[PDB]
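Peer 1:
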Amino acid sequence: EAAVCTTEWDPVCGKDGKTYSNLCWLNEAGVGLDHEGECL
């Protein structure tokens, strides 16, 4: 165990349309991945 996510800006977007800063925050939110990059 350490920190749980990085502070890396690597935007991704979940199947629920939400933009997550890195892939870790997407995984912690439990949403499946859909897009790479930001959503709108």
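Numbering (the deposited numbering) for the sequence shown: 1 to 40. All C-beta atoms in this analysis are idealised placements derived from N, C-alpha and C, irrespective of residue type, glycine included.
1. Hey, out of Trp9, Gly30, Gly32 and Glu28, whose CA is closest to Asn22's CA?
2. In terms of alpha-carbon separation, which member of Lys18, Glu1 and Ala2 lies closest to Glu38?
3. Between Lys15, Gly14, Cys13 and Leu26, which has its C-alpha nearest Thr6's C-alpha?
4. Find the nearest neighbour of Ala3 within the set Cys24, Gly32 and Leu40, judged by alpha-carbon distance.
5. Here's a check: name, in chain order, each residue in its chain whose Cβ is nearer than 6 Å to the Cβ of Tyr20, leaving out the five neighbours to either side.
Peer 2: Looking at the atomic coordinates:
1. Here residue 22 is taken as the residue at index 22 of the sequence shown, counted from 1. Nearest to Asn22 by C-alpha distance, out of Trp9, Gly30, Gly32 and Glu28, is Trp9.
2. On the sequence shown, residue 38 is found 38 positions in, with the first residue counted as 1. Checked all of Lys18, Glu1 and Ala2; the closest Cα to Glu38 is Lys18.
3. Numbered from 1 along the sequence shown, position 6 holds the residue referred to as residue 6. Of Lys15, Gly14, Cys13 and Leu26, the residue nearest in Cα terms is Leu26.
4. In the sequence shown, the residue the question calls residue 3 occupies position 3. Of the candidates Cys24, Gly32 and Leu40, the one whose C-alpha sits nearest the C-alpha of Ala3 is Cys24.
5. By 1-based counting over the sequence shown, the position of residue 20 is 20. Correct list, in chain order: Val12 and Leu26.
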